Amino acid sequence: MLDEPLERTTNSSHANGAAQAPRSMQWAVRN
Amino acid sequence: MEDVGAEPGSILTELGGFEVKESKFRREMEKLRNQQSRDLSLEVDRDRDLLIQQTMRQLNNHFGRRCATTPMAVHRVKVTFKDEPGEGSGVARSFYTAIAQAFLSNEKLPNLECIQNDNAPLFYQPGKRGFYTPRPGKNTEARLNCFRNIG
């Protein structure tokens, strides 16, 4: 199957300040 | 929005997306919600017709006086159902969904001829599905009162 799974949960948001930007321009934002 | 928004009169707040406006409205609705004493306390059922008539009757009885006594806000809205004890915001969600489904059906409205002291559905679909505008007929006061109630 798949040895490495992916996590789809909430919380665990430590110092997040740049992921709220609209999708179409996320090419121009890192972290 | 973490830092630049904190500056007084920032333009990013003026030209912000939906997030800023919804956050501000939620803050102000928390402010105005927790400063209200009285509630609604209406009694209805899960049917289509009796639910509508009880909602209208209770809302009319609650706000009955000489003209409107300023905009009134309530801390909570509680609803009571026959043969079903239960209170809380869950009853608020249930009542909202049930009354919206009752008023969104494309069927004749329940005959509420006792609202005092013709029957075409209030809302229809002149455009795409799921979007509604009032349907006025002979311009009777009962439908005006019912529109006030839905408002």
# chains A, B, ... in the order shown; residues from 1 in each chain; ligands from 1
>>> interface_residues(of="chain A", to="chain B", cutoff="10 Å", atoms="only C-alpha atoms", output="mmCIF file with N, CA, C and O atoms, in the first residue's frame")
data_model
loop_
_atom_site.group_PDB
_atom_site.id
_atom_site.type_symbol
_atom_site.label_atom_id
_atom_site.label_comp_id
_atom_site.auth_asym_id
_atom_site.auth_seq_id
_atom_site.Cartn_x
_atom_site.Cartn_y
_atom_site.Cartn_z
ATOM 1 N N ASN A 16 1.908 30.881 12.421
ATOM 2 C CA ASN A 16 1.420 30.915 11.048
ATOM 3 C C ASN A 16 0.894 32.314 10.752
ATOM 4 O O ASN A 16 0.017 32.816 11.464
ATOM 5 N N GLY A 17 1.441 32.945 9.716
ATOM 6 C CA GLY A 17 1.035 34.293 9.369
ATOM 7 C C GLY A 17 1.012 34.584 7.883
ATOM 8 O O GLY A 17 0.850 35.740 7.481
ATOM 9 N N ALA A 18 1.173 33.554 7.052
ATOM 10 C CA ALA A 18 1.236 33.762 5.613
ATOM 11 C C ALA A 18 0.458 32.741 4.798
ATOM 12 O O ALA A 18 0.547 32.771 3.567
ATOM 13 N N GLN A 20 -2.884 32.454 4.860
ATOM 14 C CA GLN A 20 -4.241 32.940 4.659
ATOM 15 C C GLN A 20 -4.426 33.652 3.327
ATOM 16 O O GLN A 20 -5.553 34.032 2.995
ATOM 17 N N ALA A 21 -3.356 33.845 2.565
ATOM 18 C CA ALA A 21 -3.447 34.603 1.332
ATOM 19 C C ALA A 21 -4.219 33.820 0.269
ATOM 20 O O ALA A 21 -4.230 32.586 0.282
ATOM 21 N N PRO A 22 -4.882 34.518 -0.656
ATOM 22 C CA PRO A 22 -5.670 33.825 -1.682
ATOM 23 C C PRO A 22 -4.810 32.912 -2.543
ATOM 24 O O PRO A 22 -3.639 33.190 -2.805
#
>>> select_by_dssp(residues="chain A", states="helix (DSSP H, G or I)", output="list in words")
residues 23, 24, 25, 26, 27 and 28 of chain A
>>> select_by_dssp(residues="region 11-140 of chain B", states="strand (DSSP E)", output="list in words")
residues 42, 43, 79, 80, 123, 124, 133 and 134 of chain B
>>> write_last_selection(atoms="N, CA and C atoms", output="PDB file, in the first residue's frame")
ATOM      1  N   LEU B  42     -40.349  30.993  22.132  1.00  0.00           N
ATOM      2  CA  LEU B  42     -41.487  30.627  21.302  1.00  0.00           C
ATOM      3  C   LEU B  42     -41.678  29.113  21.297  1.00  0.00           C
ATOM      4  N   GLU B  43     -42.926  28.689  21.111  1.00  0.00           N
ATOM      5  CA  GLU B  43     -43.293  27.277  21.128  1.00  0.00           C
ATOM      6  C   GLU B  43     -43.844  26.885  19.765  1.00  0.00           C
ATOM      7  N   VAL B  79     -36.591  27.768  22.021  1.00  0.00           N
ATOM      8  CA  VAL B  79     -37.776  27.243  21.357  1.00  0.00           C
ATOM      9  C   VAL B  79     -38.216  25.984  22.089  1.00  0.00           C
ATOM     10  N   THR B  80     -39.527  25.818  22.239  1.00  0.00           N
ATOM     11  CA  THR B  80     -40.099  24.670  22.930  1.00  0.00           C
ATOM     12  C   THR B  80     -40.993  23.888  21.979  1.00  0.00           C
ATOM     13  N   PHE B 123     -42.416  33.570  -1.140  1.00  0.00           N
ATOM     14  CA  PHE B 123     -41.171  33.624  -1.890  1.00  0.00           C
ATOM     15  C   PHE B 123     -41.221  32.649  -3.055  1.00  0.00           C
ATOM     16  N   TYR B 124     -40.681  33.073  -4.193  1.00  0.00           N
ATOM     17  CA  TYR B 124     -40.686  32.269  -5.405  1.00  0.00           C
ATOM     18  C   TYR B 124     -39.300  32.351  -6.032  1.00  0.00           C
ATOM     19  N   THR B 133     -37.458  36.069  -3.903  1.00  0.00           N
ATOM     20  CA  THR B 133     -37.930  37.424  -3.684  1.00  0.00           C
ATOM     21  C   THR B 133     -39.404  37.348  -3.313  1.00  0.00           C
ATOM     22  N   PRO B 134     -39.909  38.311  -2.543  1.00  0.00           N
ATOM     23  CA  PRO B 134     -41.315  38.250  -2.125  1.00  0.00           C
ATOM     24  C   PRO B 134     -42.277  38.285  -3.304  1.00  0.00           C
TER      25      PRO B 134
END
